[PDB]
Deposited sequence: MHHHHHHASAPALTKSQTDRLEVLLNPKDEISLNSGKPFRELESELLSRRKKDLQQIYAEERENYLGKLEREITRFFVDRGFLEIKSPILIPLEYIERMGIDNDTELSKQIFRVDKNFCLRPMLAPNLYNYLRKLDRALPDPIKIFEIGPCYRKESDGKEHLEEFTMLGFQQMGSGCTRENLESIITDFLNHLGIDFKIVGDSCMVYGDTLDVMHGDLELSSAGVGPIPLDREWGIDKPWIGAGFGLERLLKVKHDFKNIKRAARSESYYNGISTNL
């Protein structure tokens, strides 16, 4: 009989496509040696053939999708003014206010892309023709309880369109084309618009104007959404825990690095 600790170890080495049973009478040491051999070959094949990281590769594929669709690629600060949090309406009565990683006395690690995207929409409206379409992909940070769907360090895609054409139908079309392009199954569940995979939230999306826009110097209609890249990878690759998809020292493209 395998111990729970032994089973935890084998689960670290198990990949979703393996068809190995941990509840059949082979001893731990030989089930471990089998999976170790498989995972070493997996890494050797990546090293020999493609050599790209899942998170980097997904970011580049999403970038090509949105650039192609007419969205400007933004790279804005990750370390942001603490003031941006309150100005997003995130006060002591929200879950998020307790989730901020503060840095120094006036800065924090951004928990979302919305403040920077708002600032870019306002500034670019002075220069670019209507409608203004932008997107950003990059690290975001939230303190979280331990859970198979949450990372404290994750990667967000955020896109926003401002001006003409900012309808819920156009927003759903972007989301639908995007996820069908990636091969991710989803349901849009009705502003309040969430993109679900089963009970996992892939995205929250919105349609403006909303009262908050005024604080950011925004007075035009808009649509947009935010997506977690590690959740997309978790669904795409059928990972049991989002840790497999994270920036990590423990996993490379979902393969354990502790061999």
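Residues of the deposited sequence lacking C-alpha coordinates fall in the stretches 1-11, 202-208, numbered from 1.
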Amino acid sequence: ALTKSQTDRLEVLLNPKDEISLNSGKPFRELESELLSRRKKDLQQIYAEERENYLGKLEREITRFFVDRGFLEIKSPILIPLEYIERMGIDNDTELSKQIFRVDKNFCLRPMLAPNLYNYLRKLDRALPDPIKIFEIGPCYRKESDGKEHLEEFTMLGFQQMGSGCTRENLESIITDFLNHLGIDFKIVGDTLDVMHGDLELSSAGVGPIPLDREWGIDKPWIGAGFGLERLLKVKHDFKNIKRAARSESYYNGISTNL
From here on, numbers count along this sequence of modelled residues.
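Throughout, rigid core stands for the largest set of C-alpha atoms superposing within 1.5 Å between the two forms.
Remark: when the other structures in 4 other deposited structures of this protein are fitted onto this one via the rigid core, 191-199 deviates more than the alternative among 64-72 and 191-199, judged by RMS CA distance. Of the two stretches examined, 10-18 and 242-250, the record assigns the greater average C-alpha temperature factor to 10-18. Comparing the deposited coordinates for 57-65 and 34-42, the stretch with the larger average C-alpha B-factor is 34-42. When the Cα B-factors of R29, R51, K220, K234 are read from the PDB record, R29 comes out highest. Between the residues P111, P115, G158, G89, it is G89 that shows the highest Cα B-factor in the PDB record. Sorting the modelled residues of the chain by their CA temperature factor places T192 in the highest third. Per-chain ranking of the deposited C-alpha B factor places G226 in the lowest third. Sort the modelled residues of the chain by CA B factor and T257 lands in the middle third.
In this PDB entry, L151 carries a Cα temperature factor that places it within the lowest third of its chain's modelled residues.
When all modelled residues of the chain are sorted by CA temperature factor, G163 is found within the middle third.
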